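Per the deposited numbering: the sequence shown = residues 4 to 447. Built from N, CA and C at the ideal position, the CB exists for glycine as well.
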Amino acid sequence: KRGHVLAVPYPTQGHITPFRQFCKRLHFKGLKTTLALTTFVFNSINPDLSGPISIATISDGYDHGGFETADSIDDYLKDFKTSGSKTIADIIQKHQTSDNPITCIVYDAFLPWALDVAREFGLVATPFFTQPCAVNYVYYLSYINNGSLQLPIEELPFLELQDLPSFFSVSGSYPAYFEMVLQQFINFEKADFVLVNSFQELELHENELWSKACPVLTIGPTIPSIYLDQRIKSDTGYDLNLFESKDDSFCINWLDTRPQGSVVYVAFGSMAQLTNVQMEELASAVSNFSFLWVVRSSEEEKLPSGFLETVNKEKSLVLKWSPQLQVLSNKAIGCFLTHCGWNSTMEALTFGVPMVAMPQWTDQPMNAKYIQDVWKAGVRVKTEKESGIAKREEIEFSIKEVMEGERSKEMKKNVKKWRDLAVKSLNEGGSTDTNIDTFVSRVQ
Ligand SMILES: O=c1ccn([C@@H]2O[C@H](COP(=O)(O)OP(=O)(O)O)[C@@H](O)[C@H]2O)c(=O)[nH]1
Ligand SMILES: *[C@@H]1O[C@H](CO)[C@@H](O)[C@H](O[C@@H]2O[C@H](CO)[C@@H](O)[C@H](O)[C@H]2O)[C@H]1O
Ligand SMILES: *[C@@H]1O[C@H](CO)[C@@H](O)[C@H](O)[C@H]1O
Ligand SMILES: O=C(O)c1ccccc1Br
């Protein structure tokens, strides 16, 4: 009972959730964990604090308003390193006299500066990569090559420019984020271990490649235990949400009244914004189906005028936020029109829901390439090269490819092989269970 992990996610939903899920696994294995949330995120959730995972607050330098009150991404990341370094140190110091002092920092790989704090205090230090091995390996090759990528990549020759992370195909876009994803590797060799939110059997070749450069430990998927291995019965869902849902049994009750495989689920995660023009092509394409579409509140204005009040309440539903795990497990879902965020992707793969891939930016084009041509679990929507927009007829065609065709019948069979592979990996003797055991042993 000696070890104590302080877990520091990048402060977005897609990073907080896999960190929190990993903490529930460590707790089941007997390791105490404290999750570090920024003050702004803490004061927006109002989390429940009678749980097996404690919460500490740190500062990114923007406690009042959060990221949206920062001038720029570069200012934000630099203030986060300043304020985060000082406030992580503060948490460590505050726990020193305690029964269980902090012994280990599991920090988001996006934040390599946390390793320096961990090393100043003599702690175990491990970066946690929330993106899959293939993406991280590609970023690692570019970091080694001063930020450039010569296609083709000898070890992954099937990758084309349009399959790379958007930083490589959209020149100069988001330079602060591009620098951040490359600098994940500035010191990762010096960590005790390198953790990855994936499972070995999903990316055998890429995991093998990346491990030659640095031993990594796959400890995923971070899907709650009740849906896969079921060894942790208290792990029944995602219980740290930055977005409010209208308590929606209403959403799952509505899907219960629908025929099997008949509903098109559409969602673009927590962050990605589509333009007016892209929302128009989408709204038109999906209106040819029974659909369940999450449109985030801030995105509603970009819908075509009067769209929300001409959804026929019998076949279709538009939500502000969904219980996506429960949706993706419901039998009424025929396919998942997704932006290919890695959590939505792994959730789709493991629930056996075939995908329509509409990637937007950072690593999503990679996940989209793997969904279609490696895991063969869906089709990527075609976007016009000059305009960059996926037009309504191309979106409707891709959904039909996944719902009905001969392609369709194949991608169903292929996507259900992955649930069992993950269950095996999380069960005793599996790849992920052993790797988590190795990490727990080192921490205590
Ligand atoms: O309406 C929604 C949309 C997304 N999610 C969850 O939010 C996470 C989104 O993470 P992902 O890596 O897919 O995308 P990001 O939001 O980081 O771009 C996932 O755990 C989804 O299940 C949800 O619960 N309800
Ligand atoms: C990364 O930069 C982009 C802007 O290019 C931001 O959208 C993102 O900020 C996140 O926004 C989310 C709201 O949709 C918040 O949940 C999250 O806390 C915040 O970090 C930047 O991180
Ligand atoms: C950065 O750019 C993408 C568009 O390519 C958008 O989806 C994100 O919302 C934005 O932060
Ligand atoms: O890679 C991601 O998904 C990501 C998430 C949040 C903020 C920045 C990025 Br670049």
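Less than 7 Å between the beta carbons of residue i and residue j, yes or no?
i: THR435; j: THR221; result: yes
i: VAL298; j: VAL321; result: yes
i: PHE188; j: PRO130; result: no
i: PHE171; j: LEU152; result: yes
i: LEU295; j: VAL266; result: yes
i: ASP63; j: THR41; result: yes
i: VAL359; j: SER401; result: yes
i: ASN370; j: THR348; result: yes
i: residue 450; j: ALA425; result: Since the first and last residues shown for the chain are 4 and 447, residue 450 lies out of range.
i: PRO357; j: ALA380; result: yes
i: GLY6; j: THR106; result: yes
i: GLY337; j: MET414; result: no
i: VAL11; j: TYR79; result: no
i: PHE31; j: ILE156; result: no
i: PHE132; j: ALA112; result: yes
i: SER411; j: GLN16; result: no
i: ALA128; j: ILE108; result: yes
i: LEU258; j: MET282; result: no
i: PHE271; j: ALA286; result: no
i: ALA179; j: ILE76; result: yes
i: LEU212; j: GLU158; result: yes
i: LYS318; j: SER293; result: yes
Less than 8 Å between the CB atoms is what I'm expecting for residue i and residue j, so what's the real figure, rounded?
i: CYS217; j: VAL330; result: That belief does not hold up - the Cβ atoms of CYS217 and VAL330 are roughly 37 Å apart, past 8 Å.
i: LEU340; j: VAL269; result: 4 Å
i: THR37; j: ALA59; result: 5 Å
i: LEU114; j: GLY150; result: Contact flag wrong, Cβ pair sits at about 19 Å.
i: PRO160; j: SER248; result: In fact, because the Cβ distance is near 43 Å, the residues do not count as touching under 8 Å.
i: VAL384; j: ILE398; result: 6 Å
i: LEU9; j: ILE94; result: 6 Å
i: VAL382; j: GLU350; result: Not quite, the Cβ-Cβ distance comes to about 18 Å (not below 8 Å), so this is no contact.
i: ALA39; j: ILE61; result: 5 Å
Looking at ligand 5, does it come within less than 6 Å of residue i, judged from the CB to the closest heavy atom?
i: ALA270; result: What this structure holds is ligand 1, ligand 2, ligand 3 and ligand 4, not ligand 5.
Quickly, what does DSSP pair residue i with across the bridge? List them, please.
i: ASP111; result: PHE131
i: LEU322; result: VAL297
i: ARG261; result: According to DSSP, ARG261 bridges with nothing at all.
i: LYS35; result: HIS7
i: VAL359; result: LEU340, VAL382
i: residue 448; result: There is simply no residue 448 to check, as the chain begins at 4 and stops at 447 in what is shown.
i: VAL199; result: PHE132, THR221
i: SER57; result: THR37
i: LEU331; result: According to DSSP, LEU331 bridges with nothing at all.
i: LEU159; result: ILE156
Residues near ligand 3, CB to any non-hydrogen atom under 5 Å, in chain order? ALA275, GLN276, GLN363, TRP364
Could you check whether the stretch 62–72 touches the stretch 131–149, counting it as contact only if at least three pairs of C-beta atoms, one from each stretch, sit closer than 8 Å? no
Determine, using beta-carbon pairs with one atom in the stretch 17–24 and one in the stretch 222–230, whether at least three such pairs fall under 8 Å. yes
Touch check for the stretch 227–243 and the stretch 48–57: three-plus C-beta pairs under 8 Å? yes
Mind the definition here: the stretch 389–398 touches the stretch 198–213 only if three or more C-beta pairs lie below 8 Å; say whether that holds. no
Contact between the stretch 366–386 and the stretch 342–353 is defined here as three or more beta-carbon pairs at a separation below 8 Å; is this criterion met? yes
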